[PDB]
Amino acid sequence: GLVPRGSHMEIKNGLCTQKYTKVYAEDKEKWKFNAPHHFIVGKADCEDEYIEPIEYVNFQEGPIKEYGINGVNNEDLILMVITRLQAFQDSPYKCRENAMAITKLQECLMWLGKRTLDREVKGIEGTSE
């Protein structure tokens, strides 16, 4: 594969291992709607010049009712992690650190949905303000 990396930016995170993969994203300049939406997970062992793609993740950009359903939502990915972390808890791999993480993630979901429910009490959902 080995596609080129010029526009892309490597999302580096001190809490992220970066041992076997890297995460890459669109240039800040190309960010649409205030945020990044086209991400690549690629193998770490590559020239800076190139990215070896393992996986592409694209998020919904533009409101759903104007542009259609053209990508995922943050909630969806979190669900996957939870589902899998709950599968790990229901295995020999059960540990405290996983239940801690599952709890944090559900509370994430909750906080985000609070934002939804509050923008719904005011009436306004997916609004320009």
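One-based numbering along the sequence shown.
Novice: Using only C-alpha atoms and the B-factors in the entry, which stretch averages higher, 60-68 or 94-102?
Specialist: The entry gives the higher C-alpha B-factor average to 60-68.
Novice: I need to verify one thing: averaged over C-alpha atoms only, is the B-factor higher for 42-50 or for 85-93?
Specialist: Mean B over CA atoms: larger for 42-50.
Novice: Residue 23's Cα B-factor: lowest, middle or highest third of the chain?
Specialist: For residue 23, whose C-alpha B-factor we compare with every modelled residue in the chain, the answer is the middle third.
Novice: Based on the entry's values, in what third of the chain does the Cα temperature factor of residue 121 lie: lowest, middle or highest?
Specialist: Tercile = highest for this residue's CA B-factor.
Novice: Within this chain's modelled residues, let me know which third the CA B factor of residue 9 belongs to: lowest, middle or highest.
Specialist: Residue 9: CA B-factor falls in the middle third of its chain.
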